[PDB]
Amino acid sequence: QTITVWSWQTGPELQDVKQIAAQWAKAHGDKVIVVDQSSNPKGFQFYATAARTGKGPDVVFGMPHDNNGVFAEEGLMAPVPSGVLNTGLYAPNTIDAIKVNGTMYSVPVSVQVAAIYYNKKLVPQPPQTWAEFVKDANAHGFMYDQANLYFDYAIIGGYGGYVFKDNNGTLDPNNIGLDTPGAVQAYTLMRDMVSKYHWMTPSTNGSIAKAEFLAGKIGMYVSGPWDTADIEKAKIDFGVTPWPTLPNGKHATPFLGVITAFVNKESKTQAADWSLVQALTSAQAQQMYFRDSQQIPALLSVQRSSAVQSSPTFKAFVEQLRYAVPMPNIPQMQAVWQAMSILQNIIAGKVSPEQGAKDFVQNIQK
């Protein structure tokens, strides 16, 4: 009959997913419907919302790995069949990212590490140290999704903060590091980018920063390959560079995100589903996704290809990978995303960095 795929990746990559799915259907006979969920107001967790009522898709494509802890815990994901995944074809952290309680629940398709996207017309040579960064930010502007933990964690970790303690590949949900002296130092710098450097105002966010960058108004912003298409469409002669070292001289620690594909536990055609997932996540598929958006392949063999090794996106990626922190995928991580709004209060000056940190962790525990 028909197999439904929900994709949280849009633009050129979605076009490729549709092309691959159509080629798959040509051989298998099953009609494949690909739905774009990238703009769904319910976000990534909409999968759980839908699956909980038995209205989910057969296959999910383009889901950031942190979300799967919830889905797996609630029994909404079919475990990856034996053999489908060869752990040796990926970096260690990539496979750990798709395991929940030791079980592999999804297939890695891409790896992501946020970086600074800059306009070469304004910033010919990218900054690498905080001092150089200040000079370029002052001269041509800097903005980003400042109150979004996904991005500002780069500063938190750079100062020694952390979400959940990672000891022996196992995260400890009870050991939170978002209220430590280091984390407070980071929150203070976040506030300072508004109150001291004046690069942003309390209202500045990701949407505004992207719009400003596409208009050629700011020389730098923090983003990822999901913006490649729009940046090129805006005809910006862009470059990609790692986060600069911070005021403490340490490297920023952006999160490592693994984009995944998986199968609904309730799907009636799971064998066919996994075959489709394999087609959507093959070396060739990843080559296509990279070609059209610069999304870094999860497969090491594709990363080692000439097109990838020579790209600016990959260069920034390999220069930050050792400092990147895999996002926690346990269910409790959603409570963290849900409480990060307090970062906005700190950045606005409504609450001190010290008090805000305390409230952040308390709101997370809740």
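Note that residue numbering follows the sequence shown and begins at 1.
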Which is higher on mean Cα B factor in this entry, 115-123 or 260-268? 115-123
Going by the mean C-alpha B-factor recorded in the entry, which is higher: 4-12 or 355-363? 355-363
Name the one of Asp96, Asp273, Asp237, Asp145 with the greatest CA B-factor according to the PDB entry. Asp237
Most elevated Cα B-factor in the entry, residues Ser311, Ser301, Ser341, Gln320: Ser341
C-alpha B factor of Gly54, ranked within the chain: lowest, middle or highest third? highest
Position of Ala25 among the chain's modelled residues by C-alpha B-factor, lowest, middle or highest third: middle
Sorting the chain's CA B-factors, does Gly83 end up in the lowest, middle or highest third? highest
Split the chain's modelled residues into thirds by Cα B-factor; is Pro331 in the lowest, middle or highest one? middle
Classify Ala307 as lowest, middle or highest third according to the C-alpha B-factor given in the PDB entry, relative to its own chain. highest
